file target13.pdb (PDB, C-alpha atoms)
ATOM      1  CA  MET E   1      28.110  26.156   2.763
ATOM      2  CA  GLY E   2      29.638  24.340  -0.192
ATOM      3  CA  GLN E   3      27.877  20.975   0.014
ATOM      4  CA  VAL E   4      24.757  19.338  -1.422
ATOM      5  CA  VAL E   5      22.221  17.016   0.207
ATOM      6  CA  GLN E   6      21.258  13.843  -1.629
ATOM      7  CA  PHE E   7      17.856  12.156  -1.651
ATOM      8  CA  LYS E   8      17.759   8.356  -1.402
ATOM      9  CA  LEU E   9      14.763   6.080  -2.036
ATOM     10  CA  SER E  10      13.731   4.940   1.452
ATOM     11  CA  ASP E  11       9.957   4.510   1.146
ATOM     12  CA  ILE E  12      10.528   0.759   1.503
ATOM     13  CA  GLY E  13      12.916  -1.716   3.102
ATOM     14  CA  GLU E  14      16.493  -2.384   2.013
ATOM     15  CA  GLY E  15      15.556  -5.833   0.727
ATOM     16  CA  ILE E  16      12.015  -5.665  -0.621
ATOM     17  CA  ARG E  17      10.030  -4.304  -3.570
ATOM     18  CA  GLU E  18      11.201  -0.956  -4.946
ATOM     19  CA  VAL E  19       9.192   2.145  -5.908
ATOM     20  CA  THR E  20       9.036   4.524  -8.873
ATOM     21  CA  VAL E  21       8.491   8.266  -8.996
ATOM     22  CA  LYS E  22       4.913   9.479  -9.415
ATOM     23  CA  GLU E  23       5.550  13.231  -9.470
ATOM     24  CA  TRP E  24       8.633  15.031 -10.799
ATOM     25  CA  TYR E  25       8.958  18.822 -10.692
ATOM     26  CA  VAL E  26      12.692  19.350 -11.208
ATOM     27  CA  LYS E  27      15.569  18.738 -13.629
ATOM     28  CA  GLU E  28      19.349  18.320 -13.645
ATOM     29  CA  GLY E  29      21.045  21.651 -13.031
ATOM     30  CA  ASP E  30      17.623  22.994 -12.030
ATOM     31  CA  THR E  31      16.740  24.807  -8.819
ATOM     32  CA  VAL E  32      13.979  23.839  -6.395
ATOM     33  CA  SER E  33      11.698  25.977  -4.222
ATOM     34  CA  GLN E  34       9.679  25.738  -1.004
ATOM     35  CA  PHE E  35       6.592  24.959  -3.086
ATOM     36  CA  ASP E  36       8.409  23.145  -5.904
ATOM     37  CA  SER E  37       9.028  19.662  -4.510
ATOM     38  CA  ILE E  38      11.840  17.580  -5.995
ATOM     39  CA  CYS E  39      10.276  14.147  -6.432
ATOM     40  CA  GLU E  40       7.236  12.257  -5.180
ATOM     41  CA  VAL E  41       6.753   8.494  -5.050
ATOM     42  CA  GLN E  42       3.450   6.690  -4.555
ATOM     43  CA  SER E  43       3.117   3.103  -3.338
ATOM     44  CA  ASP E  44       0.047   0.957  -2.639
ATOM     45  CA  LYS E  45       0.957   1.492   1.017
ATOM     46  CA  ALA E  46       1.225   5.272   1.290
ATOM     47  CA  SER E  47       1.924   8.300  -0.903
ATOM     48  CA  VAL E  48       5.331   9.876  -0.297
ATOM     49  CA  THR E  49       6.237  13.393  -1.393
ATOM     50  CA  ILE E  50       9.652  15.047  -1.083
ATOM     51  CA  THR E  51       9.500  18.753  -0.260
ATOM     52  CA  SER E  52      12.367  21.234   0.021
ATOM     53  CA  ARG E  53      11.268  23.774   2.654
ATOM     54  CA  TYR E  54      13.688  26.110   0.847
ATOM     55  CA  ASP E  55      15.178  26.854  -2.559
ATOM     56  CA  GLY E  56      17.883  24.387  -3.514
ATOM     57  CA  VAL E  57      20.019  23.564  -6.536
ATOM     58  CA  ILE E  58      19.593  20.202  -8.278
ATOM     59  CA  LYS E  59      22.518  19.101 -10.446
ATOM     60  CA  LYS E  60      21.713  15.561 -11.619
ATOM     61  CA  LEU E  61      18.683  13.288 -11.871
ATOM     62  CA  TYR E  62      18.578   9.632 -12.953
ATOM     63  CA  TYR E  63      15.178   8.219 -11.980
ATOM     64  CA  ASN E  64      11.997   9.630 -13.529
ATOM     65  CA  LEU E  65       8.256   9.148 -13.140
ATOM     66  CA  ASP E  66       8.740   5.752 -14.802
ATOM     67  CA  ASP E  67      12.047   4.658 -13.263
ATOM     68  CA  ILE E  68      12.075   2.741  -9.979
ATOM     69  CA  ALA E  69      14.374   3.724  -7.144
ATOM     70  CA  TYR E  70      16.011   1.239  -4.779
ATOM     71  CA  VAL E  71      16.852   1.647  -1.089
ATOM     72  CA  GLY E  72      20.540   1.775  -0.223
ATOM     73  CA  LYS E  73      21.771   4.096  -2.972
ATOM     74  CA  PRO E  74      21.271   7.899  -3.361
ATOM     75  CA  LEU E  75      19.077   9.232  -6.169
ATOM     76  CA  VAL E  76      19.640  12.979  -6.619
ATOM     77  CA  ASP E  77      21.987  15.635  -5.227
ATOM     78  CA  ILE E  78      20.489  18.996  -4.260
ATOM     79  CA  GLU E  79      21.729  21.961  -2.250
ATOM     80  CA  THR E  80      19.433  22.880   0.633
ATOM     81  CA  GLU E  81      19.817  24.651   3.970
ATOM     82  CA  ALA E  82      21.044  22.488   6.862
ATOM     83  CA  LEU E  83      18.243  19.961   7.360
ATOM     84  CA  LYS E  84      18.301  17.295  10.077
ATOM     85  CA  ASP E  85      16.487  15.118   7.514
ATOM     86  CA  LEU E  86      19.833  13.776   6.272
ATOM     87  CA  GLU E  87      22.298  15.727   8.412
TER      88      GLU E  87
END
call {"tool": "encode", "arguments": {"input": "target13.pdb", "output": "structure tokens"}}
result
Amino acid sequence: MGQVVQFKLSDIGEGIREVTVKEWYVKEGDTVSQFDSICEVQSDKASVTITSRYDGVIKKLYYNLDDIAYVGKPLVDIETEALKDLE
């Protein structure tokens, strides 16, 4: 209690092509829900979608449906219940 979990582009390797967001359903300072996913990226390989499984608070967002995210650096910070996903 008192910490936020950050999402980092990891759909690809840490030294290859990057990927952009295909579906965005959140905004800076906005809250997420179990049905309201944060971001979703789609690559020729497979379609990735980031769910929440709970209602979390999103404070800042930099990459949009058009911006490409790179592996190795976080993308957005959101507050969600303890999830093994990142911790």
call {"tool": "residues_around", "arguments": {"input": "target13.pdb", "residues": "residue 24 of chain E", "least_positions_apart": "3", "cutoff": "8 Å", "atoms": "all atoms listed in the file", "output": "ChimeraX atom specification"}}
result
/E:21,37-40,64-65
call {"tool": "residues_around", "arguments": {"input": "target13.pdb", "residues": "residue 14 of chain E", "least_positions_apart": "5", "cutoff": "12 Å", "atoms": "only C-alpha atoms", "output": "PDB file with C-alpha atoms, keeping the file's coordinate frame"}}
result
ATOM      1  CA  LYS E   8      17.759   8.356  -1.402  1.00  0.00           C
ATOM      2  CA  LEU E   9      14.763   6.080  -2.036  1.00  0.00           C
ATOM      3  CA  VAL E  19       9.192   2.145  -5.908  1.00  0.00           C
ATOM      4  CA  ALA E  69      14.374   3.724  -7.144  1.00  0.00           C
ATOM      5  CA  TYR E  70      16.011   1.239  -4.779  1.00  0.00           C
ATOM      6  CA  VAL E  71      16.852   1.647  -1.089  1.00  0.00           C
ATOM      7  CA  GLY E  72      20.540   1.775  -0.223  1.00  0.00           C
ATOM      8  CA  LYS E  73      21.771   4.096  -2.972  1.00  0.00           C
TER       9      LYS E  73
END
call {"tool": "resolve_selection", "arguments": {"input": "target13.pdb", "expression": "the PyMOL selection byres ((chain E and resi 53) around 12)", "output": "PDB file with C-alpha atoms, in the frame of the given file"}}
result
ATOM      1  CA  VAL E  32      13.979  23.839  -6.395  1.00  0.00           C
ATOM      2  CA  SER E  33      11.698  25.977  -4.222  1.00  0.00           C
ATOM      3  CA  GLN E  34       9.679  25.738  -1.004  1.00  0.00           C
ATOM      4  CA  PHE E  35       6.592  24.959  -3.086  1.00  0.00           C
ATOM      5  CA  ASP E  36       8.409  23.145  -5.904  1.00  0.00           C
ATOM      6  CA  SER E  37       9.028  19.662  -4.510  1.00  0.00           C
ATOM      7  CA  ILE E  38      11.840  17.580  -5.995  1.00  0.00           C
ATOM      8  CA  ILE E  50       9.652  15.047  -1.083  1.00  0.00           C
ATOM      9  CA  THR E  51       9.500  18.753  -0.260  1.00  0.00           C
ATOM     10  CA  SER E  52      12.367  21.234   0.021  1.00  0.00           C
ATOM     11  CA  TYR E  54      13.688  26.110   0.847  1.00  0.00           C
ATOM     12  CA  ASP E  55      15.178  26.854  -2.559  1.00  0.00           C
ATOM     13  CA  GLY E  56      17.883  24.387  -3.514  1.00  0.00           C
ATOM     14  CA  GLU E  79      21.729  21.961  -2.250  1.00  0.00           C
ATOM     15  CA  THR E  80      19.433  22.880   0.633  1.00  0.00           C
ATOM     16  CA  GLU E  81      19.817  24.651   3.970  1.00  0.00           C
ATOM     17  CA  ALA E  82      21.044  22.488   6.862  1.00  0.00           C
ATOM     18  CA  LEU E  83      18.243  19.961   7.360  1.00  0.00           C
ATOM     19  CA  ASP E  85      16.487  15.118   7.514  1.00  0.00           C
TER      20      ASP E  85
END
call {"tool": "atom_distance", "arguments": {"input": "target13.pdb", "atom1": "atom CA of residue 49 of chain E", "atom2": "atom CA of residue 76 of chain E"}}
result
14.4 Å
call {"tool": "axis_aligned_box", "arguments": {"input": "target13.pdb", "around": "segment 63-67 of chain E", "padding_each_side": "6 Å", "output": "AutoDock Vina command-line options"}}
result
--center_x 11.7 --center_y 7.1 --center_z -13.4 --size_x 18.9 --size_y 17.0 --size_z 14.8
call {"tool": "atom_distance", "arguments": {"input": "target13.pdb", "atom1": "atom CA of residue 62 of chain E", "atom2": "atom CA of residue 43 of chain E"}}
result
19.3 Å
call {"tool": "closest_residue", "arguments": {"input": "target13.pdb", "among": "E:42, E:84, E:61, E:10", "to": "residue 23 of chain E", "atoms": "only C-alpha atoms"}}
result
E:42
call {"tool": "closest_residue", "arguments": {"input": "target13.pdb", "among": "E:57, E:68, E:5, E:46", "to": "residue 18 of chain E", "atoms": "all atoms listed in the file"}}
result
E:68
call {"tool": "closest_residue", "arguments": {"input": "target13.pdb", "among": "E:20, E:3, E:75, E:15", "to": "residue 44 of chain E", "atoms": "all atoms listed in the file"}}
result
E:20
call {"tool": "residues_around", "arguments": {"input": "target13.pdb", "residues": "residue 45 of chain E", "least_positions_apart": "5", "cutoff": "12 Å", "atoms": "only C-alpha atoms", "output": "CSV table (one decimal) with C-alpha atoms, in the coordinates of the input"}}
result
chain,number,residue,atom,x,y,z
E,11,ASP,CA,10.0,4.5,1.1
E,12,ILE,CA,10.5,0.8,1.5
E,17,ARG,CA,10.0,-4.3,-3.6
E,19,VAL,CA,9.2,2.1,-5.9
call {"tool": "closest_residue", "arguments": {"input": "target13.pdb", "among": "E:29, E:13, E:41, E:74", "to": "residue 58 of chain E", "atoms": "only C-alpha atoms"}}
result
E:29
call {"tool": "atom_distance", "arguments": {"input": "target13.pdb", "atom1": "atom CA of residue 59 of chain E", "atom2": "atom CA of residue 77 of chain E"}}
result
6.3 Å
call {"tool": "closest_residue", "arguments": {"input": "target13.pdb", "among": "E:47, E:78, E:2, E:60", "to": "residue 28 of chain E", "atoms": "all atoms listed in the file"}}
result
E:60
call {"tool": "build_atoms", "arguments": {"input": "target13.pdb", "residues": "segment 15-40 of chain E", "atoms": "N, CA, C and O atoms", "output": "short mmCIF file (atom, residue, chain, number, x, y, z; two decimals), keeping the file's coordinate frame"}}
result
data_model
loop_
_atom_site.label_atom_id
_atom_site.label_comp_id
_atom_site.auth_asym_id
_atom_site.auth_seq_id
_atom_site.Cartn_x
_atom_site.Cartn_y
_atom_site.Cartn_z
N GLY E 15 15.52 -4.49 1.27
CA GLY E 15 15.56 -5.83 0.73
C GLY E 15 14.20 -6.30 0.25
O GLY E 15 13.91 -7.50 0.24
N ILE E 16 13.35 -5.35 -0.15
CA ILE E 16 12.02 -5.66 -0.62
C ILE E 16 11.71 -4.94 -1.93
O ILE E 16 12.61 -4.37 -2.56
N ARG E 17 10.45 -4.96 -2.34
CA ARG E 17 10.03 -4.30 -3.57
C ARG E 17 10.48 -2.84 -3.59
O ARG E 17 10.56 -2.20 -2.54
N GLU E 18 10.76 -2.34 -4.78
CA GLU E 18 11.20 -0.96 -4.95
C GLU E 18 10.04 -0.08 -5.42
O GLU E 18 8.96 -0.58 -5.70
N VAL E 19 10.26 1.24 -5.49
CA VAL E 19 9.19 2.14 -5.91
C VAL E 19 9.66 3.17 -6.94
O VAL E 19 10.81 3.60 -6.93
N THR E 20 8.74 3.55 -7.83
CA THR E 20 9.04 4.52 -8.87
C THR E 20 8.48 5.89 -8.51
O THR E 20 7.65 6.03 -7.60
N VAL E 21 8.94 6.90 -9.23
CA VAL E 21 8.49 8.27 -9.00
C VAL E 21 7.13 8.51 -9.64
O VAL E 21 6.88 8.08 -10.77
N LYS E 22 6.25 9.19 -8.91
CA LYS E 22 4.91 9.48 -9.41
C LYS E 22 4.78 10.95 -9.81
O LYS E 22 3.96 11.30 -10.66
N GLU E 23 5.59 11.80 -9.18
CA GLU E 23 5.55 13.23 -9.47
C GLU E 23 6.96 13.83 -9.49
O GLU E 23 7.68 13.77 -8.51
N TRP E 24 7.32 14.41 -10.63
CA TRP E 24 8.63 15.03 -10.80
C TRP E 24 8.48 16.50 -11.20
O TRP E 24 7.83 16.81 -12.19
N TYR E 25 9.06 17.39 -10.41
CA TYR E 25 8.96 18.82 -10.69
C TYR E 25 10.33 19.50 -10.65
O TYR E 25 10.46 20.62 -10.16
N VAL E 26 11.34 18.81 -11.18
CA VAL E 26 12.69 19.35 -11.21
C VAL E 26 13.52 18.70 -12.32
O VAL E 26 13.10 17.70 -12.91
N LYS E 27 14.69 19.27 -12.59
CA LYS E 27 15.57 18.74 -13.63
C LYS E 27 17.03 18.98 -13.28
O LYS E 27 17.36 19.85 -12.48
N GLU E 28 17.92 18.19 -13.89
CA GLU E 28 19.35 18.32 -13.64
C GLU E 28 19.79 19.76 -13.85
O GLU E 28 19.39 20.41 -14.82
N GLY E 29 20.59 20.28 -12.92
CA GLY E 29 21.04 21.65 -13.03
C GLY E 29 19.94 22.65 -12.72
O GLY E 29 20.13 23.86 -12.86
N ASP E 30 18.77 22.14 -12.33
CA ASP E 30 17.62 22.99 -12.03
C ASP E 30 17.53 23.29 -10.54
O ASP E 30 18.00 22.51 -9.71
N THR E 31 16.91 24.41 -10.21
CA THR E 31 16.74 24.81 -8.82
C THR E 31 15.34 24.49 -8.32
O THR E 31 14.37 24.54 -9.07
N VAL E 32 15.25 24.17 -7.03
CA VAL E 32 13.98 23.84 -6.40
C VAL E 32 13.52 24.98 -5.50
O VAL E 32 14.30 25.88 -5.19
N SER E 33 12.26 24.94 -5.09
CA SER E 33 11.70 25.98 -4.22
C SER E 33 10.93 25.36 -3.06
O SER E 33 10.79 24.14 -2.97
N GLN E 34 10.43 26.20 -2.16
CA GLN E 34 9.68 25.74 -1.00
C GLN E 34 8.37 25.08 -1.43
O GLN E 34 7.86 24.19 -0.75
N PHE E 35 7.84 25.51 -2.57
CA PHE E 35 6.59 24.96 -3.09
C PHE E 35 6.85 23.97 -4.23
O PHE E 35 5.98 23.18 -4.58
N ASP E 36 8.05 24.03 -4.80
CA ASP E 36 8.41 23.14 -5.90
C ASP E 36 9.17 21.92 -5.40
O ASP E 36 10.40 21.92 -5.35
N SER E 37 8.43 20.89 -5.01
CA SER E 37 9.03 19.66 -4.51
C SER E 37 9.96 19.05 -5.55
O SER E 37 9.82 19.31 -6.75
N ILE E 38 10.90 18.23 -5.10
CA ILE E 38 11.84 17.58 -6.00
C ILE E 38 11.19 16.38 -6.68
O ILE E 38 10.95 16.40 -7.89
N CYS E 39 10.91 15.35 -5.90
CA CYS E 39 10.28 14.15 -6.43
C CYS E 39 9.23 13.61 -5.46
O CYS E 39 9.29 13.87 -4.26
N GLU E 40 8.29 12.85 -6.00
CA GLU E 40 7.24 12.26 -5.18
C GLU E 40 6.94 10.84 -5.65
O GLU E 40 6.63 10.61 -6.82
#
